[PDB]
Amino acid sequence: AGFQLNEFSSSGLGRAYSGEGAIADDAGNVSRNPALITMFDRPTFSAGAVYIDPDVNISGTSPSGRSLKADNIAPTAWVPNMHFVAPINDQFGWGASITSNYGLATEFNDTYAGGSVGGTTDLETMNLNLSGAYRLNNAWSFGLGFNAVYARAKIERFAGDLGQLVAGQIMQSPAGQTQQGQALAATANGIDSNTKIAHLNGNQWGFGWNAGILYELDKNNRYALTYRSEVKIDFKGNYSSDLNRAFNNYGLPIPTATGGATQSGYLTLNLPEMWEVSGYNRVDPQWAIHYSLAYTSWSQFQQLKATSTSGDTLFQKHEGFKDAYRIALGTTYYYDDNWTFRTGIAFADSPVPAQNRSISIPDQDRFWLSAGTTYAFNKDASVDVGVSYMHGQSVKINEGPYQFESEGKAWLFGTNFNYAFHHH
């Protein structure tokens, strides 16, 4: 699912985030649906983190003869979460949380033959949320939330074997016999595969809002609709390329060379909005069933475009994402006053059309299998441990002169501590 994260709590991880937004056994879920606030009787707190260990691989051969093989190109990630919820009165409450809905990390050796389209790609995101909720009656609740998103990003690309390729082209050509042609071949051969062809970095705050509706049949069965708005991050940061000025203005398909000098740069990143419907059903004093369909408007993310203080394009990449859905189903076994158990599955289709796949964000349809458990120390305190495994199909990728194959899987492990305070 592109660069979206769902890892906002360890219990959620055990459910495979199914019907999140209709469950309120810990404070974690208010981030997902502000209306769940009305479900809380006293100040409740939750803090933990999810460890994501991807194993994503690339295979292929460049036209140069060099291998396009790259193993383990998605570094492990630690995603923290922190949550708080508290009543105001019989019909009002509020919450705050620190989560992450968007994140991405890909890394190739700066010597990689295909380095002009896989160097380093890093996006980390933090969502500061502040919600309030109104209890209309025993059935209807409403939530309204505001989000301050802090985002830190970095892009780096290298000349892989392009220097070699270009030199070959010249030398095979009639210009191979010319002084002019030879000098260019020399220059091309001279571009090391670790020559930095593009650098971007910046951090910026962005802002958005979210809303949610909660409907309860009884104390054991509810349903929810939630909306999370788009958030536009307007980066202003640094752009650089180690290539000589002399490369620019011939219309070659490359980022603007700056001879290593840094230029101020502007790029707008769109974090897509998301809708979600959720259902929770406590079938039995020990058994619950939960499920959700979520819809993310990835079409809101069309490209990476970077711009000088003069309006010139310094670096551009077409993304052309399409809207995508995530669906999930899970169960919870409330064994005894101490132990709770859970498992779930989810599926998410890639928002990246095959013809726009790229190796920096090698995405495919995914499945999650998860299981988790909660131990309750004492009605006031509990720890949540969750495990999830994700599997993705292998997919074909075409960028520039290169053809790749990609496969990805991952293990997720997470722990959360929960505390509940003195009632009213």
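Numbers for residues come from their place in the sequence shown, where the first is 1.
- Message: Highest mean C-alpha temperature factor of the two stretches 54-62 and 383-391, which is it?
- Response: If you average the C-alpha B-factors of 383-391 and of 54-62, the larger mean comes out for 383-391.
- Item | Given 69-77 and 310-318, the range whose Cα B-factors average higher in the PDB entry | Going by the record's values, the stretch with the higher mean is 69-77.
- Query: What's the residue among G115, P285, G237, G132 with the greatest CA temperature factor in the PDB record?
  - Reply: Checking the PDB record, the top C-alpha B-factor among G115, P285, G237, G132 is at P285.
- Query: Between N281, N244, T106, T195, which carries the biggest CA temperature factor in the record?
  - Reply: Answer, based on the entry's C-alpha B-factors: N281.
- Would you please rank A96 by its C-alpha temperature factor against the other modelled residues of its chain and give the third it falls in: lowest, middle or highest? CA B-factor rank for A96: middle third.
- How does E216 rank on Cα B-factor within its chain, lowest, middle or highest third? Ranked within chain, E216 CA B lands in the highest tercile.
- Task: Just say lowest, middle or highest third for the CA B-factor of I359 relative to the other modelled residues in its chain.
- Result: Bottom third by C-alpha B-factor.
- Message: Split into thirds by Cα B-factor across the chain's modelled residues, where does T44 land: lowest, middle or highest?
- Response: According to the entry, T44 has a C-alpha B-factor in the chain's middle third.
- Message: Per the entry's values, where does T343 land by CA temperature factor relative to the rest of its chain, in the lowest, middle or highest third?
- Response: Its C-alpha B-factor belongs to the highest third of this chain's values.
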